[PDB]
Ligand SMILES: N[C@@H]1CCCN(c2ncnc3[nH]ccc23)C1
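As a starting point, one isolated chain is supplied in structure tokens, in the form deposited without the named molecule.
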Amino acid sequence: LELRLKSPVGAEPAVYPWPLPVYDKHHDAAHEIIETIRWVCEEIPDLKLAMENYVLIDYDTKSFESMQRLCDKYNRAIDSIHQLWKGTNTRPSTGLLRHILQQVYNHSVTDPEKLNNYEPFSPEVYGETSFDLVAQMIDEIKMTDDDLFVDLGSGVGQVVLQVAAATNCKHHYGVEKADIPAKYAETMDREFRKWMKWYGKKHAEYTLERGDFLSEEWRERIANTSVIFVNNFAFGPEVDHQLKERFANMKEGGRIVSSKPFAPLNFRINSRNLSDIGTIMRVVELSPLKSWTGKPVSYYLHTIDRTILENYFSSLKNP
């Protein structure tokens, strides 16, 4: 007893056991199958033409025979389109990527209780809460092939997967210290590469790794990163102090996007604060509110600029 979905690009079929897994209070594998078919039909207009109209309206998720018939209609339509193409690798759309990440998460995180997350943002609600904000952050910073991206404390790795599917950075890294999310990230990585292949979608190179971003190895790695993403909201003063020290080695124009600012937005350099990280970085509050309909969130863009410190010395020497 199983259900199979043929890949639109000839990759290995997606195979689901029956009874289908139940993901959470609202989602299940049955709806993932239906939504997957709907996304492939949107992607391939010829595919939408070949299928019978009722198939994606008249279905019973609690019936094996009904789910099997739905899968068979999609599979036969895929076969017809593959025959049509016989006779004569792009980036995913935002909507498809949200679906892919959800699919990757549900196939990877089978024990939801394991991830100690009673916070307003948690991996299980990534698509609902966080996805649109990360999509807004990606649009704002405009990364190129010259950039190296690092998410410090990447958890299960969804921010890294999203940025990698959207930009052309040389490489994207996710570093996670905690055992439970770092182990889940290994499955997330495998499931992401697999599903992206299944849809025939392109992503940049990325690595999800286990490690402490405050270690000696990571000092030089942070120094050579051009774009850092860091959710520092829950960080203690010591971690925050250690991080500012890592940032002090970054190159001019290096950028840090965080959930809480590392320096005051109105920092004014003087003789008593020359030690502060504000002496070497611009800070701006960015908000999706400035057609947004999500939570009234803000994020902070820090840019390495030692001319702040240089101008203060110039103004002292040349009044």
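Numbering starts at 1 and follows the sequence shown.
There is another form of this protein, the form deposited with the named molecule bound, and it is not shown here; the text below is about that form.
Quiz item: If you check in the deposited bound form, is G211 within 4.5 Å of the named molecule, heavy atoms only?
Solution: Within the cut-off, so yes.
Exercise. Although the named molecule is absent from this view, report whether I100 comes within 4.5 Å of it in the deposited bound form, heavy atoms only.
Key: It does not: once the named molecule is placed as it appears in the deposited bound form, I100 has no heavy atom within 4.5 Å of it.
Quiz item: Is there a non-hydrogen atom of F235 within 4.5 angstroms of a non-hydrogen atom of the named molecule in the deposited bound form?
Solution: Contact check for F235: yes, within 4.5 Å of the named molecule in the deposited bound form.
Self-check item: Distance check, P92 to the named molecule in the deposited bound form, heavy atom within 4.5 Å
Solution: Heavy-atom contact with the named molecule at 4.5 Å: absent for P92.
Exercise. Consider the chain as shown here, without its partner, and state which of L148, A178, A248, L84 has a heavy atom within 4.5 Å of the named molecule in the deposited bound form.
Key: None of the others qualify; the residue that does is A178.
Quiz item: Which one, 92 to 100, 70 to 78, 191 to 199, 211 to 219, holds residues whose non-hydrogen atoms are within 4.5 Å of the named molecule in the deposited bound form?
Solution: Of the options given, it is 211 to 219.
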